[PDB]
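Worksheet: one structure, shown below.
Number of protein chains: 4
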Amino acid sequence: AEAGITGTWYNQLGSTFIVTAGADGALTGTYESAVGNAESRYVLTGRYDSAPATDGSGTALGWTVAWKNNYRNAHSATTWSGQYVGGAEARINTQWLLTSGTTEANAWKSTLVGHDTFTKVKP
Amino acid sequence: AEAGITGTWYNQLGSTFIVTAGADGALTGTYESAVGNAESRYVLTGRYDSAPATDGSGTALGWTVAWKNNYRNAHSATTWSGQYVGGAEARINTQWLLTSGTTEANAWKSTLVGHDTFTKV
Amino acid sequence: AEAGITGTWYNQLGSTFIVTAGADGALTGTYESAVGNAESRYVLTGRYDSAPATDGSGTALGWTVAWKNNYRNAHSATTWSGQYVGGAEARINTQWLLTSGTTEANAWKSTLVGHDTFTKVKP
Amino acid sequence: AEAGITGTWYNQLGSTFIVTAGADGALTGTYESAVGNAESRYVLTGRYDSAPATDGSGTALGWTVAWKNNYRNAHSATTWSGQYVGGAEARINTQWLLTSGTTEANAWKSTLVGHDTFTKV
Ligand SMILES: O=C(O)CCCC[C@@H]1SC[C@@H]2NC(=O)N[C@@H]21
Ligand SMILES: O=C(O)CCCC[C@@H]1SC[C@@H]2NC(=O)N[C@@H]21
Ligand SMILES: O=C(O)CCCC[C@@H]1SC[C@@H]2NC(=O)N[C@@H]21
Ligand SMILES: O=C(O)CCCC[C@@H]1SC[C@@H]2NC(=O)N[C@@H]21
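Chains as they are written, first to last, in PDB author numbering: chain B, 13 to 135; chain D, 13 to 133; chain B', 13 to 135; chain D', 13 to 133. A prime marks a further copy of an entry chain.
So this is what it looks like as structure tokens:
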């Protein structure tokens, strides 16, 4: 749900995710990673599927962060695809793809894959 | 580096991707898939890293589509992560993750992964 | 290490993995899944990289299970790629790809991706 | 269904895959990669699901290579998961995971993912 997704979230690495879900299915916010060639905050944009189902199904969503800001440019972007499960203890379970810009010759090693789980902080 | 990302691209499945890249790293547009529980257009939003590096490398980017519009709601979202290469034949080579909303029980099989290559041809 | 990998392992879904690591870098065993179009045990084969590094690095390894046995044929195969971390509490952290056989038309939806963590049981 | 899997295949990077499929679902052979911290041949072992279904579908299979041999040890392993399609032009379309051994600290970036397509040409 938008209200349920809106908030500050942290993942197992200690990275911060601040987001707002709009009525139109949009997601906008900032991301701060605890690891990598990153520093300070980066802008994120994504979408969620606003009308999930009733049932105890998660809401699918995804978002992107290009790792460039006024302090660093890592020439890479990460996308997170996963689901939001609300409740007392709401979580966002995801899998992600991190692509670095390479020459055609090294494209075979441009993408990393992983999974992150986010926990919402009160408020 | 960045540049002719803006345009209409098509992938090997015949899907259509119409995007606009903004000068600060934003990507906006619509997507129409040739396959799946989808029909007509969907909104997409993403980001790309400009200021790519100056050893002829690609420009990294990614975007998302939630499969809900005024015709269908498939309860899923797809994210594409990859890089753009311009030149005579410009290409956007990606790997995607498609997550459908499931119950906890079926969460082990909620995510499909694949790769798509887009051209303006 | 071979001895360290050899044993019975279980993952978060409640699936069983029984394996033997040979001196040559080989892995052979049976797998029993708690979920899916599977029943009873299936044969598994894989390899590990026998001479890791010293250090507190994991040992990379991977294995495959084709989901066909005398009771069921699901026409699919799964491969697990990950690392073995030994110690008192040894774990095998992996990511996997599950491919189903399809027509060329539905090949875009043939592969599922996920991650599993295995815990070794004593002995 | 199963059948001409046995043979020498090559992928878009020019790597060579020489395999033997056994009648009960086993795959054995050697692999030589054209890229990476690798040289000469490596042992591979896998499985395929025969008895594929009778709606012209592919045969699922997968295999593993640990990148250690008498020349180099790169402390990594790769697994390829995909399906074989025979016919005039036989193909093995896969998606792979390459995991390198890291310390817990670097475990978030231990795994690369990609796709390879093999032909006997
Ligand atoms: O190093 C880079 O290229 C940019 C930083 C990448 C940080 C990654 S993105 C996925 C994973 N989740 C996090 O919170 N951090 C790492
Ligand atoms: O069925 C659904 O869940 C909605 C449609 C999904 C279409 C997918 S997304 C990845 C692949 N590339 C495309 O252009 N379409 C399919
Ligand atoms: O349904 C099938 O096609 C065969 C069973 C698949 C079970 C999968 S493999 C990855 C994940 N890990 C498990 O232990 N079980 C599921
Ligand atoms: O550098 C390493 O870690 C060992 C060599 C890895 C070669 C990879 S595996 C996937 C891709 N396909 C190939 O044929 N070679 C590369």
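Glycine is no exception: its CB is placed at the ideal position from the N, C-alpha and C atoms.
### Task
Helix, strand or coil for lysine 80 of chain D', going by three-state DSSP, please let me know.
Residue state, collapsed to three classes: strand.
### Message
Which residues of the stretch 87-110 of chain B have a Cβ closer than 7 Å to any Cβ of chain B'? Give them in chain order.
### Response
Within the stretch 87-110 of chain B, the residues whose Cβ lies closer than 7 Å to some Cβ of chain B' are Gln107, listed in chain order.
### Proximity to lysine 121 of chain B' [Cα-Cα], best of D':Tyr54, D':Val31, D':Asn105, D':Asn49
Cα-wise, what sits closest to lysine 121 of chain B' is D':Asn105.
### Task
Confirm, please, whether the CB-CB distance from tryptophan 21 of chain D to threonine 91 of chain B is below 9 Å.
One thing to note: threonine 91 of chain B has its Cβ no nearer than 9 Å to the Cβ of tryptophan 21 of chain D.
#### Entry: Under 7 Å by beta carbon: chain D residues contacting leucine 25 of chain B'
Within 7 Å Cβ-Cβ: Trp120.
### Query
For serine 88 of chain D versus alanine 72 of chain B, is the C-beta distance shorter than 9 Å?
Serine 88 of chain D places its beta carbon less than 9 Å from that of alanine 72 of chain B.
### Query
If we call anything under 9 Å between Cβ atoms a contact, is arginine 53 of chain D' one with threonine 66 of chain D'?
No, they are not a contact pair.
### Task
Take the Cβ of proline 64 of chain D as the centre, count every other Cβ of all protein chains shown within 10 Å, and call the residue buried at 16 or more, exposed below.
So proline 64 of chain D ends up on the buried side.
### Task
List the DSSP bridge partners of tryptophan 120 of chain D'.
Residue pairing from DSSP leaves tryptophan 120 of chain D' without any beta-bridge partner.
#### Entry: N- and C-terminal bounds of the alpha helix (DSSP H) containing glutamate 14 of chain B
Under the DSSP assignment, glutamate 14 of chain B falls in the alpha helix (DSSP H) whose first and last residues are 14-17.
### Query
From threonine 111 of chain B' to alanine 33 of chain D, what does the alpha carbon distance come to, in whole angstroms?
C-alpha separation (whole angstroms): 35 Å.
### Query
Taking 9 Å as the CB-CB limit, is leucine 56 of chain D' close to chain B?
Residue contact with chain B for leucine 56 of chain D': absent (no Cβ-Cβ distance below 9 Å to any residue of chain B).
### Message
Counting only Cβ pairs nearer than 8 Å, list the residues of chain B' close to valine 125 of chain B.
### Response
Simply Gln107, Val125.
### Message
Determine whether the beta carbon atoms of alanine 46 of chain B and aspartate 61 of chain D lie at a separation below 9 Å.
### Response
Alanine 46 of chain B places its beta carbon 9 Å or farther from that of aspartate 61 of chain D.
### Message
According to DSSP, simplified to helix, strand and coil, what is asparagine 85 of chain D?
### Response
Of the three classes helix, strand and coil, the one that applies to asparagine 85 of chain D here is strand, per DSSP.
### Query
Quick one, which of B:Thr123, B:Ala119, B:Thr115, B:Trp108 has its alpha-carbon nearest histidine 127 of chain B''s?
For the residues B:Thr123, B:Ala119, B:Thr115, B:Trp108, the minimum Cα distance to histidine 127 of chain B' belongs to B:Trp108.
### Query
When every heavy atom of ligand 3 is checked, does at least one fall within less than 8 Å of the C-beta of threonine 90 of chain B'?
Result yes, Cβ under 8 Å from ligand 3.
### Task
Could you tell me whether the Cβ atoms of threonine 129 of chain B' and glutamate 101 of chain B' are closer together than 9 Å?
Contact flag unset, no.
### Message
How far does the beta strand (DSSP E) with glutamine 107 of chain B' in it extend, from its first residue to its last?
### Response
Note, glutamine 107 of chain B': beta strand (DSSP E), 103-112.
#### Entry: With 16 other Cβ atoms within 10 Å as the buried cut-off, status of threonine 123 of chain D'
Classification for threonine 123 of chain D': buried.
### Query
Within the present structure, is the beta-carbon of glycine 98 of chain D' separated from the nearest heavy atom of ligand 4 by less than 8 Å?
Checking the Cβ of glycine 98 of chain D' against ligand 4 gives no.
### Task
Using 8 Å as the cut-off, classify the Cβ of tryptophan 79 of chain D as near or not near the heavy atoms of ligand 2, replying yes or no.
The nearest non-hydrogen atom of ligand 2 is less than 8 Å from the C-beta of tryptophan 79 of chain D.
### Message
Against chain D, with Cβ distances strictly below 9 Å, would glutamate 116 of chain B count as a contact?
### Response
Cβ-Cβ to chain D under 9 Å: yes for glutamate 116 of chain B.
### Query
Is it the case that the CB of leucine 56 of chain D approaches a heavy atom of ligand 2 more closely than 8 Å?
Taking 8 Å as the cut-off, one finds no heavy atom of ligand 2 near enough to the beta carbon of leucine 56 of chain D.
### Residues bridged to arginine 59 of chain D' (per DSSP)
Bridge partners of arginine 59 of chain D': D':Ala38, D':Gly74.
### Query
To which residues does DSSP link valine 31 of chain B through a beta bridge?
According to DSSP, which records beta bridges pairwise, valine 31 of chain B is partnered with B:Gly19, B:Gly41.
### Task
Identify, in the order they occur along the chain, each residue of the same chain with its Cβ nearer than 7 Å to the Cβ of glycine 58 of chain D, setting aside the five sequence neighbours on each side.
Within the same chain, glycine 58 of chain D has close Cβ partners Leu39, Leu73, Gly74, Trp75, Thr76.
### Query
Taking the C-alpha atoms as reference points, what is the distance between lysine 134 of chain B' and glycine 19 of chain B'?
The straight-line gap from Cα to Cα measures roughly 8 Å.
### Message
Please list, in chain order, the chain D' residues whose beta carbon lies closer than 7 Å to that of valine 47 of chain B.
### Response
Per Cβ cutoff of 7 Å: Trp120.
### Query
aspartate 128 of chain D bridges to which residues according to DSSP?
DSSP, once it has assigned bridges, lists D:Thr106 as partnering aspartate 128 of chain D.
#### Entry: Beta carbon of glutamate 14 of chain D nearer than 9 Å to that of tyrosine 96 of chain D
Cβ atoms of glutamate 14 of chain D and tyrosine 96 of chain D: closer than 9 Å.
### Query
Are the C-beta of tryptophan 79 of chain B' and some C-beta of chain D' separated by less than 9 Å?
For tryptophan 79 of chain B', the answer is yes, since a Cβ of chain D' falls inside 9 Å of its Cβ.
### Task
Report the rounded CA-to-CA distance for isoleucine 17 of chain D' versus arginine 103 of chain D', giving the unit in angstroms.
Pairing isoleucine 17 of chain D' with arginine 103 of chain D', the inter-Cα distance amounts to about 9 Å.
### Task
Could you tell me if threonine 115 of chain D' is buried or exposed, where buried requires 16 or more neighbouring beta carbons within 10 angstroms of its beta carbon?
Exposed, since its Cβ has fewer than 16 Cβ neighbours within 10 Å.
### Query
What distance in whole Å lies between the Cβ atoms of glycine 68 of chain B and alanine 78 of chain D, which are believed to be in contact at a cut-off of 8 Å?
About 20 Å; that fails the 8 Å criterion.
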